[PDB]
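# Summary of the model geometry
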Amino acid sequence: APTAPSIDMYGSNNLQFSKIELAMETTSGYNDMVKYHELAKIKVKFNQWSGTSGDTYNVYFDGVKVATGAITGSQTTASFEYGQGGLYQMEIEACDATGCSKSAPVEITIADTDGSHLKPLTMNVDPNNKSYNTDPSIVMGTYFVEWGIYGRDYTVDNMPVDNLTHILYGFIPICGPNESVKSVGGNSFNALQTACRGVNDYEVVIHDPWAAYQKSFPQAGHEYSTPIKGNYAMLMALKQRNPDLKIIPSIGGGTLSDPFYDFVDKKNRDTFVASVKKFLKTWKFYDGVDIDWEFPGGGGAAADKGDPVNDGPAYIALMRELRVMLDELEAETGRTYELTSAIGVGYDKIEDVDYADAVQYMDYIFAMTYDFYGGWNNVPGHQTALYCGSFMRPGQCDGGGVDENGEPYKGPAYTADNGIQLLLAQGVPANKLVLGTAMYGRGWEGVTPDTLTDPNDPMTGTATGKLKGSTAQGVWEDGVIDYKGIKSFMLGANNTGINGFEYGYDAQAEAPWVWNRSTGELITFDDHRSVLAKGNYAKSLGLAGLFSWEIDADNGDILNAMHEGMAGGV
Ligand SMILES: COc1ccc2c(c[n+](C)c3c4cc5c(cc4ccc23)OCO5)c1OC
Ligand SMILES: COc1ccc2c(c[n+](C)c3c4cc5c(cc4ccc23)OCO5)c1OC
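Method-wise, the PDB entry is recorded as coming from X-ray crystallography, at a reported resolution of 2.0000 Å.

Going by what the PDB entry lists, the protein is known as Chitinase A and is assigned to Vibrio harveyi. Quoted verbatim from the Sequence similarities (unreviewed entry) field of the UniProt record, the comment on the protein reads "Belongs to the glycosyl hydrolase 18 family. Chitinase class II subfamily."

### Considerations on the pairing of strand β11 (residues 106-111)
When strand β2 (residues 16-18) meets β11, the two strands line up parallel, connected through 3 bridges. Across the sheet, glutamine 16 pairs through a bridge with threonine 109, a residue of β11. Bridging between strand β9 (residues 86-96) and β11 involves 5 bridges; their strand directions are antiparallel. Following the sheet pairing, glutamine 89 is matched in β11 by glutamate 107.

### Structural notes on the nonpolar core
Formed by 150 residues in total, the largest nonpolar core has its most connected members in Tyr232, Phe272 and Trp283. Take this core: its biggest share by element is 8 residues, from helix α7 (residues 311-333). Those residues in contact with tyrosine 232 that lie beyond four places of it in its chain are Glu146, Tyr169, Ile172, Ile206, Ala212, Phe279, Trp283, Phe285 and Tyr286. Among the nonpolar cores identified, the runner-up in size contains 19 residues, and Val44, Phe46, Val59 and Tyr88 belong to it.

### A short note on the site of ligand 2
Taken together, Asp371, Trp376, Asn377 and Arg442 are the residues near ligand 2. Here the shell around ligand 2 is built from residues that sort into 1 nonpolar, 1 polar and 2 charged.

### Comments concerning the UniProt feature "domain: GH18" (unreviewed entry) in the protein
Mapped onto this numbering, the UniProt entry annotates "domain: GH18" (unreviewed entry) at residues 138-569. Annotated as residues 138-569, this span is 29% helix and 18% strand, and its ends, taken at the C-alpha atoms, are 14 Å apart.

### Topic: the site of ligand 1
Taken together, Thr255, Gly299, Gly300 and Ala301 make up the full set of residues near ligand 1. A distance of 3.1 Å separates a nitrogen atom of ligand 1 from a polar backbone atom of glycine 300. Protein contact buries 33% of the 520 Å² of open area that ligand 1 shows by itself. Of the residues assigned to the shell around ligand 1, the class counts are 1 nonpolar, 3 polar and no charged.

### Describing the state of the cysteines
The full count for this structure, using the stated rule, is 3 disulfides. With a sulfur-sulfur separation of 2.0 Å, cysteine 175 is cross-linked through a disulfide to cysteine 196. Of note, the bridge from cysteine 175 to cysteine 196 carries an S-S torsion of about -85° and is left-handed in sense. With a gap of 21 residues between them, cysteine 175 in the loop between β13 (166-172) and α2 (179-182) and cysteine 196 in helix α3 (residues 188-196) connect regions that are remote in the sequence. One exposure class covers both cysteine 175 and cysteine 196, and it is buried. At a sulfur-sulfur separation of 2.1 Å, the disulfide partner of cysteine 388 is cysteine 397.

Conventions used here
Numbers attached to residues count from 1 within each chain as its sequence is written and can disagree with those in the entry; no residue without coordinates is shown. For naming, the first written chain is A and the first written ligand is 1, with later ones following in the order written. To get the side-chain values, take all heavy atoms of the structure and skip hydrogens and water. UniProt positions are given in the numbering used here, feature names are shortened, and annotations may be inferred rather than shown by experiment. Strands are treated as partners if at least two bridges between them are detected by DSSP. The numbering of helices and of strands both runs from the N terminus, where a helix is a DSSP run of H or I of at least 4 residues and a strand a run of E of at least 2. Nine residue types can take part in a nonpolar core, namely buried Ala, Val, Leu, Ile, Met, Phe, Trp, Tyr and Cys, and a core is a set of them joined through side-chain atoms within 4.5 Å. Burial here depends on accessible area, computed with a 1.4 Å probe over protein chains only, as a share of the maximum for the residue type. Under 20% is buried, over 50% is exposed, and the range in between is partly exposed. Contacts are assigned to residue pairs that have any heavy atoms within 4.5 Å of one another. One heavy atom within 4 Å of a molecule or strand is enough for the residue carrying it to be called near that molecule or strand. Under the convention adopted here, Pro, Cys and the residues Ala, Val, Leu, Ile, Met, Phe, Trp and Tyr are nonpolar, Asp, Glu, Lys and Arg are charged, and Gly plus all remaining residues are polar. N or O atoms closer than or at 3.5 Å make up a polar contact, with two conditions inside protein: a donor-capable atom paired with an acceptor-capable one, and, for residues adjacent in sequence, both atoms drawn from side chains. Note that accessible areas follow from Shrake-Rupley with a 1.4 Å probe, and for residues the cover is restricted to the protein chains shown. Here, a disulfide means two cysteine sulfur atoms that sit within 2.5 Å of each other.

As structure tokens, then:
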């Protein structure tokens with residue numbers, strides 16, 4: 001016979017509670033901003049404004065008692081803990097010696113990072129992406145980048161997820177030496193320094209917490225009280241839509257690889273492996289780990305780093321130790337966790353690692369079969385070709401010849417097939433190898449007719465510098481252009497060339513280009529024809545599948561060709 005409680009929804013954080021506590025209104029150290037609790041802290045205010053309040057309250061979720069306490073006046077705060085994420089029908093009852101009176105039920109939310117409190121995500125995918133019936137055993141991967149939500153305006157709901165088996169989320173940095181990040185200019189180093197305040201060196205952190213979990217996305221129904229927002233809440237709602245889709249954080253990349261060179265000290269691996277375990281127990285929508293160390297032995301962004309004697313053994317030991325750790329997680333959760341890595345495939349990268357040994361611990365190797373040539377110098381070539389191009393010299397394909405100095409080639413040329421053949425020869429199984437497709441071009445200025453040695457092949461010319469362009473044409477940095485920008489502004493609808501560009505295809509390499517004879521602008525990229533050739537190649541050798549870099553740069557054509565290529569090769 002007390003008065004039945006009324007729940008104070010606004011005084012109770014809108015009944016939005018969470019196993020994870022995330023700073024929403026600051027940018028600080030990662031340990032300061034993110035705290036994951038095994039039990040969510042629940043605090044519910046209720047009122048009994050008239051009649052008697054009684055002496056004790058009970059709280060029910062879906063009819064089960066989860067808390068009790070004292071009522072002492074006309075307003076009570078019920079504080080307790082609860083361990084399971086989800087949406088529940090909550091009732092609060094007030095009691096005295098004569099009996100009990102229950103509130104009407106109200107939905108309470110307990111967020112967890114597997115997205116168990118969320119509806120399936122609503123998609124907004126460009127309809128140029130077609131539907132396919134591709135064998136689900138074939139890998140079809142892509143990278144989604146954390147910063148694609150800014151100028152590129154490409155959000156998680158834009159991904160053609162029914163055409164994907166694996167989303168690699170780029171990139172998770174590691175605290176410690178990161179001079180290469182500084183060299184990129186902008187805010188990227190400063191953001192990292194902030195995220196690492198109060199964090200041990202060699203531990204992982206989130207680079208941009210605004211993009212990852214603070215930014216409110218209207219399309220995902222985020223409201224002020226939503227306890228998890230950003231890309232990560234959207235990936236959580238994506239897992240409810242597509243439970244078999246693997247979503248994997250990619251650690252490192254070209255500019256964030258500096259700390260890996262200290263992994264020759266096992267204490268630094270232990271610190272890192274432990275922080276990755278904690279990271280996956282914190283963000284449960286993730287299904288494994290991808291290690292993008294560019295590169296064991298060196299030759300990447302860090303000019304003064306690289307140890308060709310010890311980096312390969314360190315990489316293999318790292319893979320062994322991550323697999324141990326992931327097996328602990330599989331035991332704790334009942335889930336499968338995957339271990340993968342994206343790797344350089346020039347012969348001088350491959351020779352520094354015994355991949356046949358490393359790969360026994362791994363599910364997949366994503367072969368970076370792109371960036372073979374690029375704006376960093378003035379030598380044109382196909383950046384993502386399957387085979388050796390018409391432009392190459394005698395003995396250059398297999399490395400048995402001499403260059404224009406008369407200098408012996410130090411190894412076989414940079415092509416996808418040479419890279420893949422070198423891995424198979426070390427004894428990596430074909431069915432663990434994933435072949436990469438570029439969703440972007442690299443290019444140059446100043447490759448005019450007078451520089452060519454063969455007048456029908458601009459890959460025989462010489463450049464004056466990197467391609468220049470605006471973000472409106474998909475050029476986010478010098479010498480790189482989105483495939484969707486190439487299609488809009490250089491190929492046009494009929495794929496024959498606009499705005500002074502012509503299209504060419506090197507049938508021996510399996511590689512397209514567009515060339516503007518007057519500016520000497522030349523761009524090397526993947527198109528519908530080269531991507532069908534890559535799918536036939538992957539089929540012929542019994543590779544795991546295909547992957548691409550990066551998804552925001554496609555308009556549908558590249559991913560469609562990946563699926564069409566894997567249906568039809570032979
Ligand atoms: C011939 O010696 C050199 C000298 C400098 C570099 C290099 C290789 N890479 C990948 C980079 C590099 C790679 C980057 C970058 C910046 C970079 C800046 C310099 C080099 O930002 C993203 O990726 C190299 O190859 C062994
Ligand atoms: C010593 O001369 C240099 C100077 C700069 C570079 C370089 C070689 N590579 C491969 C790169 C490079 C490679 C990249 C990249 C960015 C890059 C940026 C600079 C260089 O993005 C991913 O691939 C080099 O050796 C030819």
